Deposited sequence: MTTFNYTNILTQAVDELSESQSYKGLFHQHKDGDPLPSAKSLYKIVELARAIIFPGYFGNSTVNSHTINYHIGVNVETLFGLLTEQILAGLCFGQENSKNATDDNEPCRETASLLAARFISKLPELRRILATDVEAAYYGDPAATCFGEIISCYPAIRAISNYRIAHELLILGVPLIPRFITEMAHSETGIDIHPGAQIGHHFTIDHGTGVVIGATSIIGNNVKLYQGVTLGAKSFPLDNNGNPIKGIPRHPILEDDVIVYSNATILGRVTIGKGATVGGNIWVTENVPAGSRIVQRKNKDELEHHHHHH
């Protein structure tokens, strides 16, 4: 039958089903190729967490007699899932991505989990030692948003290093959505890195962050190489913006709410002008 909305719907469909111009500058994606799945990617990052921090994300109840069994099953599930997503990435943006290539890259990534665990361990320690409000390594790994963002970042960075396209950005934007912390997979970040609270933090594509660095909520390391360099032991407080070819010397402190466009000598402190 024909209702008053019937022809409105059919006409809408006809218009939506064409667009010779809305073929956009969209290059051609081969039919049959799989597309990145946010769902699969979510599962991938969660398995990575469960493998890196066994028993915390790796099991609902504590059981020392099954830690290894779970690592074994989790690594296999991750391998299958990651192979497919890496294949989707290669296909997105001779070379007609065969699973063979994707499966080896996925295995290469997995071989990096022990190292990722070692690095993330220092990040958790830095988060604990410098946060009186933190009262356990377990509480930090279990619910602190910063560890999740940093974990996603290090996972994405490794994938980028291995040459997996698209997937790395997908993974960091995922953390961006869940934590409000936006770290570009290309950023370079040292050990014992910590982000306090973190909502609004933005770390640009070519940023270089040293060791034992701490950033607070709203801190931006951006531009407009062209991103800032923060040396070791640096602290940047709430909402400060650092942009361009700027180097924050080791041990320096950057007060909050300031637009920083000049180098900051090591061990110095820079704060906003007085208000009245």
query	finding
Deposited-sequence stretches lacking C-alpha coordinates, listed in sequence order	1, 95-103, 235-248, 301-310
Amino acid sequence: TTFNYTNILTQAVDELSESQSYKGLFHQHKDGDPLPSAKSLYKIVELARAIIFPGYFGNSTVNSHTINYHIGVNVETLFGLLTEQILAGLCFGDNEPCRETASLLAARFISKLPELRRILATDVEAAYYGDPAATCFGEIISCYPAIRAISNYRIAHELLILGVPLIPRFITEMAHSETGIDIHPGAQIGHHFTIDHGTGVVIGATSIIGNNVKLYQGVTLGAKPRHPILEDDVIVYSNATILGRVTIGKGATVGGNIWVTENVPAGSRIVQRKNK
From here on, numbers count along this sequence of modelled residues.
property	result
Average Cα temperature factor in the PDB entry - higher stretch of 117-125, 99-107	99-107
Of 25-33 and 56-64, the stretch whose C-alpha atoms average the higher B-factor in the entry	25-33
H70, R226, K214, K43, ranked by C-alpha B-factor: the highest one	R226
Selection by C-alpha B-factor (highest) of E139, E158, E173, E84	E139
Record-listed C-alpha B factor of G218: chain third	lowest
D196 - Cα temperature factor, lowest/middle/highest third of chain	middle
Ranked against its chain, the third holding the CA B-factor of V254	middle
Cα B factor band for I189 (lowest, middle or highest third within the chain)	lowest
Within-chain third of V234 by Cα B-factor, per the entry	lowest
